[PDB]
Amino acid sequence: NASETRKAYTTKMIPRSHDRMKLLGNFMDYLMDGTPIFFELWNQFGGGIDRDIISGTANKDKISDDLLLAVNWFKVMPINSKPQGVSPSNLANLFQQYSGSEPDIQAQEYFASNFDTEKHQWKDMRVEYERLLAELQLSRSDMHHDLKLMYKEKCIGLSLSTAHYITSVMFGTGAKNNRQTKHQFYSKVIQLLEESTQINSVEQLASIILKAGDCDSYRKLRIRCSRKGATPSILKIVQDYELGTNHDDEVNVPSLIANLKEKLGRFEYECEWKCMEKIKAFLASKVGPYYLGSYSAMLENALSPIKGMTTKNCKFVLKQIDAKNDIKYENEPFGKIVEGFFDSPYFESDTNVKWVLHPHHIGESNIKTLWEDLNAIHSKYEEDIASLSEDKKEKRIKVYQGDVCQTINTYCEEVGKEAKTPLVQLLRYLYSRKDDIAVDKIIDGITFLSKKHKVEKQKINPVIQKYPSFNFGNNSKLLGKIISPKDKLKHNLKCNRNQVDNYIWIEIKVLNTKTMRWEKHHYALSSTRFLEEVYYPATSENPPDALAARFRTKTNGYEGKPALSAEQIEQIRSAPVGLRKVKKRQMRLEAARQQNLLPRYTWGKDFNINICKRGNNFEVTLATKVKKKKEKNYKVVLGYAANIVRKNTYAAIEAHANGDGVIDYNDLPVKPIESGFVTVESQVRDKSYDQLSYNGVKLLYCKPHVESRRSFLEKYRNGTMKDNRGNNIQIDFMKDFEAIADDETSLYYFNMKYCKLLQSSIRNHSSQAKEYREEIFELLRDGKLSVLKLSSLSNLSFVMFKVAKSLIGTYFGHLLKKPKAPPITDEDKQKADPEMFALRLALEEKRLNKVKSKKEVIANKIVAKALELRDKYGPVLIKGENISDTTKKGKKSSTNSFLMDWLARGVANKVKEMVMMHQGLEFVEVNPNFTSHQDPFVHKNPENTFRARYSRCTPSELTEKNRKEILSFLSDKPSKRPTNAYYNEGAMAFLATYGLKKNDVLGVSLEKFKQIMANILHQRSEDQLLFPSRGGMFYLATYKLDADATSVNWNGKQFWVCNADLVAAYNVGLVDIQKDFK
RNA sequence: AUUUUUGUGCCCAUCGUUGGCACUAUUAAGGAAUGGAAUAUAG
DNA sequence: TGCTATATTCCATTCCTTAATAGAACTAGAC
DNA sequence: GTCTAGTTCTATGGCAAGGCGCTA
């Protein structure tokens, strides 16, 4: 029901005097230095846990007792860390020696887990526990007693309480509530309710609870039974009855009884520690005197990875077990026959070192079609040996063999256009053994080998200490606050300064490390974004109300661009170039205050202060909870479709619609509202450039840059192509260079492709690497049109940074290639050319920031659109595509490289977070299957309706590639891709509609095909033919779903020619649409 | 408690007219891929 | 018109997932 | 009277394809 996230604001610390920053420095170093003591100590505690302690415990999520013991007795940690190493073969033996019993299957899978043998090892935490006992001189009896209470207090085990809590109950010396009194009270309430099981009013319940505590009021009840702490839910009933807010609430007595009965265990004992005094004295010797807030904040940072890895490794072991059980070990014998390939004459290789076989080695299941073809050739060669061939069968057999070989080579080449190329020799070998293993067992055997290697490599998570950070705030932490805006105003008035300024002060209680006592101290921060959105005061009387969503942002309805006074403008203009952007925002903010345009922000004690000290830098973060209540009564669905090269798209669908444009969709009345592209327009003068699609200036305007490129490449003309049986053909790069140097080609295309040419050049002049240095600098770093200075967020721009990366890589690789002492490292590269190494790093950092910006700007458009729709219609459900498992070893690495820049996941995760801050927005991801081929609002209403995608182009620009593609669609050969059939319908409808036959496309000269199309189009007075093409820009939709669609007669039916992606966004919106209103 | 010069970043043949924008921080591991040099193979 | 293919080693990278942190409500006692 | 510094709180579809571009 309730929803929570945080919004953080980064800030810059504005230091005070050396000596005051030294004091905070010292405190932060004290907390950091103490944290590993708590880590080591809790790891010792875990190692003491045992059957007796965990007996009859919840044990949730199907984790067995062995697993729970194992995860606490044994952990994979860095080799050089303090606990003692243990060998993997020993784990079961030690477990039995500590348990009394052999480890079950869960603990068994834990111990078999893969890990990096050179970084980490298993560690024996039980030995760590023994060392606690010996060093602190605790009895096993005493420690075990404390350990058991700690277990029931959730200080250890699988579901820990908060550090603040654990610290308090273990270490605090405040007055405790008497637990026996609460046991008596809880037991009595149970009794009285068992004696009256059929009450139905809270009134009745309240009176029974009071009777149980022998009291007239809530106040007396609390004082006697639950003096200190948050109010237990059973006393809450009474409180709320006196307040009169729970009168017409239901009473479910069996629950009440059950809940009370559950809490009883924790009140059977008083929490009288036997060992805590010694453990505190040890702690005081290492981290200094006990204080709740400091010990708590140190413990926080130690517990996080200890409990985190327990949760994660437990889940991981369980998954491993499921995954081993999906492995069909009954297929091992088939594996071995396939794996026999390596012992065969078809693969023989020096050192005879073999590798793991995978489905893509035989081309997935397509081997079945290859076997069908090979078997047809064989059967037909058999009768050709009986009747056709008589005595001279020495030439017919040789013919069979060549035909077998050819059918295979053809198969691998076919497969290898859209995937990794299957291994000729492995398929030759496998066909030699047709009699030993059936084709569906070749697949199952290969699958067995691949899946078994995959599951058995999965790595356990090692337990690594945290780099800590410490939290200050209002409640249950180290004490701190942001000076409230009103207190800011008061403070400045008292010191006789300006009402307002641009800095943010915190007051935090900190330990003076010299006195080891607490002192409150003020520190200064700066963050313009915090100023704008939160802190800067609306002082003007009668300001606009605080906004529904709290922060003062454009997305929340505050443009924050007021008309500046003359002096304000001149402050901007006179500010140093490095400070002008910040001052402009300050000015715009200050104007908005003066002109009563700045809305209120409702201050609370809602911001946590997080401090991370790295060297002498302090990183201070301010973060606040943002609360939301879901609103499932949706009025609009906003589909979103993610693309790589083209633009992302959205589509809005009104649900429960009425009036004009309504469509009946399986009894639900719906209406298309709109569809669109996601663009991020940035204005330079009167022009505007779409960050997401701009591919750079035409080379028209770049001739000096390109001439300067040309001038260089001429000096390194020479290359020599692949030795195709010792040919050594000449290679001029200028033929390639001139292909890209047109006035119509874009800067980013030119730069990218030039990187690839320079790369190749370098490979042909490996001893002359150093000479490319300066022109690499010019291209990437220094030039006015270099990669670092000009680049959009377009796909091509990201491919630019990638190829630049690769070029630098080529450079270093050839520069440091030995004439022919270990491999070349980043240490080595940086020393050989710091500037170039630094350039690799600046390219890396520039790319990350571009990626981050993209995610943020795309997400903003989606959320802005959704908010806009919410304001007109009511609640919006945003639906994106569930994208996973994109990059696979079975695909060509060029395909994987192309898919890597997709960012659908990163964009979607950002929408997720942003949505959590707005009433009336929800985000789900849906199955994207057939999303690009469905006829929206016709598909599933009621018939399945799928159609191909279409390219549109003039006859001049038809390529061989297009003609070939259209012919592949008219091919009779079946496929297991269900979309194939759509393209085949498309190609058939293509012929009919332009009055062609297969014979007019098939075989005839490309040029003649262009002519044939030209004659047909000209007679029809059309500029452009549509043809079916995978990935095509256009879709022939029934409804007009692209505001700019034109109509067409296609095979005697009328469709709108829509952008294929605007169509996809509506389909994404429609996926299981009926479920979002059931 | 006063620093008054900065929260992080994004775009451009014109880097400014107030140029135009956007944004949850951190810690750690794991998962799947990618680039470069070279080796071994079959083409 | 051509973007050779598989597999491995070593040095490097990016995109994403999943374990965590960024406590609430309270009161006795100190101002 | 406000606030600090301590305590205790917590609640009852099987697969596998599909979803992604080239420039020129």
Side-chain angles (χ1 to χ4, degrees), chain A residues 62 88 104-115 315-349 352-376 378-379 404 407-408 411-412 414-416 418-460 884-885 887-892 974-978:
Chain A
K62 327 274 142 150
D104 75 20
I105 327 94
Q106 290 196 5
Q108 274 171 56
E109 188 62 48
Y110 181 51
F111 296 155
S113 292
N114 188 42
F115 63 95
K315 262 175 68 75
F316 164 84
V317 167
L318 257 36
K319 271 29 108 212
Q320 280 308 87
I321 284 159
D322 294 327
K324 301 219 150 134
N325 286 353
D326 295 351
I327 289 163
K328 300 184 155 57
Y329 289 85
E330 68 270 35
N331 290 323
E332 170 167 7
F334 308 127
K336 273 222 262 299
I337 297 165
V338 179
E339 211 166 53
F341 162 65
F342 291 112
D343 295 325
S344 88
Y346 297 93
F347 160 108
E348 297 280 1
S349 199
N352 213 166
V353 196
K354 72 183 200 136
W355 70 70
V356 180
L357 291 175
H358 304 284
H360 74 262
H361 290 149
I362 57 163
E364 254 90 72
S365 34
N366 300 304
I367 189 172
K368 302 205 88 290
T369 87
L370 172 60
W371 252 229
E372 281 195 346
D373 300 349
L374 280 176
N375 277 177
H378 174 271
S379 93
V404 155
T407 295
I408 288 166
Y411 167 84
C412 300
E414 186 62 40
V415 163
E418 275 208 328
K420 277 248 149 46
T421 303
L423 272 30
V424 176
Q425 303 305 338
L426 166 65
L427 290 160
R428 287 235 281 140
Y429 163 86
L430 284 167
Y431 190 73
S432 71
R433 304 204 56 187
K434 357 144 259 296
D435 303 320
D436 306 351
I437 180 177
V439 73
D440 72 314
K441 300 314 197 172
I442 304 179
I443 295 157
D444 293 339
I446 281 227
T447 299
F448 160 82
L449 286 180
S450 206
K451 271 160 62 205
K452 186 156 108 69
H453 177 80
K454 177 196 163 79
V455 58
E456 280 181 354
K457 81 182 208 63
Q458 300 298 302
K459 290 189 192 186
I460 196 59
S884 61
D885 278 325
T887 61
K888 302 259 266 255
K889 54 182 114 78
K891 300 173 183 185
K892 329 182 79 174
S975 125
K976 293 180 143 65
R977 307 185 72 188

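Chain naming here is simple, since letters A, B, ... match the order of the sequence lines and numbering starts at 1 in each. As a basis for the values below, the full set of heavy atoms in this structure was taken, side chains included, without hydrogen atoms, waters or symmetry mates.
By the 4.5 Å heavy-atom criterion applied to side chains, A/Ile442 and A/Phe334 are not counted as neighbours. Proximity of A/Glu456 to A/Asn114: side-chain heavy atoms (C-beta onward) are nowhere separated by under 4.5 Å. In this structure, A/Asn352 and A/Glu348 have side chains that are in contact, with non-hydrogen atoms separated by less than 4.5 Å. Two residues are said to be in side-chain contact when any heavy atoms from C-beta on lie closer than 4.5 Å; A/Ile408 and A/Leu374 meet this criterion. Under the 4.5 Å side-chain criterion, counting only non-hydrogen atoms from C-beta, A/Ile362 is in contact with A/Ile446. In this structure, A/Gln320 and A/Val455 have side chains that are in contact, with non-hydrogen atoms separated by less than 4.5 Å. No side-chain heavy atom of A/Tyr346 sits under 4.5 Å from any side-chain heavy atom of A/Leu423. Contact of the A/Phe342 side chain with the A/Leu357 side chain is registered, since non-hydrogen atoms from C-beta on lie closer than 4.5 Å.
Considering all non-hydrogen atoms of both residues, A/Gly340 and A/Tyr429 come closest at C-OH, 3.2 Å. In plain terms, the two heavy atoms of A/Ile443 and A/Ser365 that are nearest each other are CD1-CA, 4.0 Å. Nearest approach of A/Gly416 to A/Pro422, heavy atoms of both residues: N-CD, 4.4 Å. Heavy atoms only, all atoms of each residue included: A/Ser113 and A/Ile460 are closest at CB-CB, 3.8 Å.
Put simply, the side chain of A/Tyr431 never gets that close to the backbone of A/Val404: no donor and acceptor are under 3.5 Å apart. A donor-acceptor distance shorter than 3.5 angstrom exists from the side chain of A/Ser344 to the backbone of A/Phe341, with no hydrogens or angles considered. In this structure, A/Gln458 contributes its side chain and A/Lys454 its backbone to a donor-acceptor pair below 3.5 Å. Side chain of A/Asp104 to backbone of A/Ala107: a donor-acceptor contact under 3.5 angstrom is found. A donor-acceptor pair is defined here as one N or O able to donate and one able to accept, closer than 3.5 Å; such a pair exists between the side chain of A/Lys420 and the backbone of A/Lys891. Counting only distance, with no hydrogens or angles, the side chain of A/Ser450 and the backbone of A/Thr447 share no donor-acceptor pair below 3.5 Å.
In this structure, A/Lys319 is not positioned above the aromatic face of A/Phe316 in the sense of NZ or CZ being under 6.0 Å from the six-membered ring centre and within 45° of the axis.
The environment of NZ in A/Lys315 is sparse: at most 12 heavy-atom neighbours from other residues, nucleotides or ligands sit within 6.0 Å. Within a 6.0 Å sphere centred on CD of A/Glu330, other residues, nucleotides and ligands contribute more than 12 heavy atoms. A/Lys888 NZ: 12 or fewer foreign heavy atoms inside a 6.0 Å radius.
For the atom pair CD1 (A/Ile437) and CD1 (A/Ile337), the distance works out to 4.5 Å, reported to the nearest 0.5 Å. In this structure, A/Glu332 CD and A/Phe448 CZ are separated by 4.5 Å, a value rounded to the nearest 0.5 Å. Interatomic distance, NZ of A/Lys451 versus CG of A/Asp326, reported as 6.5 Å (0.5 Å rounding).
Here A/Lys354 pairs with A/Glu339 in a salt bridge; the nearest charged N to carboxylate O distance falls below 4.0 Å. Using a 4.0 Å cut-off between charged side-chain N and carboxylate O, A/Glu364 and A/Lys976 make no salt bridge. Using a cut-off of 4.0 Å between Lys/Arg side-chain N and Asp/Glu carboxylate O, A/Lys368 and A/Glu372 are scored as not salt-bridged.
Checking each of A/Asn331, A/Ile327, A/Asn325 against A/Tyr329 for a side chain to side chain contact (heavy atoms under 4.5 Å, CB included) leaves exactly one that passes, namely A/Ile327.
Ring geometry, A/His361 versus A/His358: the interplanar angle falls from 30° to 60°, so the pair is classed tilted.
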The test is side-chain contact (heavy atoms from CB on, under 4.5 Å); show your working for A/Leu430 and A/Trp371 and say whether it passes.
CA-CA 10 Å; A/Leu430 284 167; A/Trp371 252 229; 3.9 Å; yes
